[PDB]
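Undergrad: Quick one, structure for this:
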Amino acid sequence: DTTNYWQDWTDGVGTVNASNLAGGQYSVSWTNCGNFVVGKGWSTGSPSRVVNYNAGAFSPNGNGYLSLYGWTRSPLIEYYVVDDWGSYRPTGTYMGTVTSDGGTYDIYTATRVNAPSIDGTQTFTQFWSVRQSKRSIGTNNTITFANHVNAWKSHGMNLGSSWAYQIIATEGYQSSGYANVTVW
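TA: Numbering: from 1, shown residues only. Below is the structure:
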């Protein structure tokens, strides 16, 4: 379960310099971005995967997220497990909570209308786990994904049966900042 996959997506606005370093390491510098998603992980995700990461730096200037991120198909779902964020904590429709890897998360669903997706312009659904307080940076952090997948099902939220990539993602929105993260 060493990483095999690198993701470098941007929306053309701003300047996003991401580096695909050795192993599961990456760094990304950004100034006045629109939206971007950069990260390292696996090209096919698993609901039982245990994900480890160490963020040497996570310094957003404004809105940015550090999270487990990936997609399913049938149905098309974009999913998030947010451990850190900048000036804006992401929320949607509250569904309950899950406690995993030492921390408690709120659970949110949301809908995206006519948006970019791994399958083009679509309207699809978002599943979110979001920590209630920011997790520590520089520490080796585990995300037992199975807990989130089971809490989600236990709350009406089933993921699709075809699994696309699954990454420890830095995402920016109308912000600047820097991040350096090792994933394994």
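
Undergrad: was I right about residue 60 contacting residue 177?
TA: Yes. Applying CB atoms under 8 Å as the test, residue 60 and residue 177 come out as touching, 3.9 Å apart. Backbone N, C-alpha and C define where each C-beta goes, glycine included.

Undergrad: what touches both of these two?
TA: With contacts defined as CB atoms under 8 Å, 6 or more residues apart in numbering, the residues shared by residue 60 and residue 177 are residue 86.

Undergrad: Looking at these two, which is more packed in?
TA: Taking other CB atoms under 10 Å, residue 60 and residue 177 do not tie; residue 60 has more neighbours (23 against 20).

Undergrad: Listing partners with orientation, what would you give for whichever helix or strand residue 166 is part of?
TA: Assigned by DSSP states H and E, residue 166 falls within strand 162-183. Note on strand 162-183: by DSSP bridges, its sheet partners are strand 25-31 (antiparallel), strand 35-42 (antiparallel), strand 50-73 (antiparallel).

Undergrad: so how far is it off the chain centroid?
TA: Centroid separation for strand 162-183 versus its chain: 6 Å, with CA atoms, centre = their mean, to the nearest Å.

Undergrad: Now do the buried residues in it.
TA: Going by neighbour count (16 or more other CB atoms under 10 Å), the buried part of strand 162-183 is 163-173, 175-183.

Undergrad: ok, now stretch 20-40?
TA: For stretch 20-40, the neighbour count (16+ other CB under 10 Å) marks 24-28, 30, 33, 35-40 as buried.

Undergrad: What lies in contact with it?
TA: For stretch 20-40, contacts defined as CB under 8 Å, 6+ apart pick out 2-3, 5-19, 69, 167-184.
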